[PDB]
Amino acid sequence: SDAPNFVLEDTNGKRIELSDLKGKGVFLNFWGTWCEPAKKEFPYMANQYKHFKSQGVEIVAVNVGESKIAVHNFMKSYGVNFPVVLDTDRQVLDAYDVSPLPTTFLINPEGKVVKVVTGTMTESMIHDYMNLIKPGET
């Protein structure tokens, strides 16, 4: 199943188009600052990304309708080191038909969804999910 394409701005104002990431595995995470699990999971994600960025895994962490200030505050408080984009009007959340937050779509280098994850993720689970979608062994 093809992952719905979208264009959003990242927290530095850079245009990110999902299809631009083909050839990489994509860890597509929907979240808000009201997700107490994200306070746990974002540091885990950041920590795993130190390894998986150079294995061809990209994170796209889609913030669901919050202001740039509230998103920046959260990224700083929780040591985010990965791309975060602003779904300001929730249209991307709606296209993915996402209800429970956080929700993660694991997308392969071919641009297909291989797994949808809801509920809590341990750092071990995050490691294995990234391993699932990485394009090589680099």
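Note that residue numbering begins at 1 and tracks the sequence as displayed.
Discussion item. Quick check on the record: does 92 to 100 or 55 to 63 carry the larger mean Cα temperature factor?
Written reply: Of 92 to 100 and 55 to 63, the stretch with the higher C-alpha B-factor average is 92 to 100.
Worksheet item: Hey, which bit's got the bigger mean C-alpha B factor in the entry, 77 to 85 or 104 to 112?
Response: Higher mean C-alpha B-factor in the PDB entry: 77 to 85.
Worksheet item: What third of its chain's C-alpha B-factors does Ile126 belong to: lowest, middle or highest?
Response: Tercile = lowest for this residue's CA B-factor.
Worksheet item: Thinking about Cα B factors across the chain, which third does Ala70 belong to?
Response: Its C-alpha B-factor, which the entry lists for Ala70, ranks in the middle third among residues of this chain.
Worksheet item: Compared with the other modelled residues in the chain, in which third is the CA B-factor of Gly119?
Response: As the PDB entry reports it, the C-alpha B-factor of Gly119 lands in the highest third of its chain.
Worksheet item: When the modelled residues of the chain are sorted by Cα temperature factor, does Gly13 land in the lowest, middle or highest third?
Response: As the PDB entry reports it, the C-alpha B-factor of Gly13 lands in the highest third of its chain.
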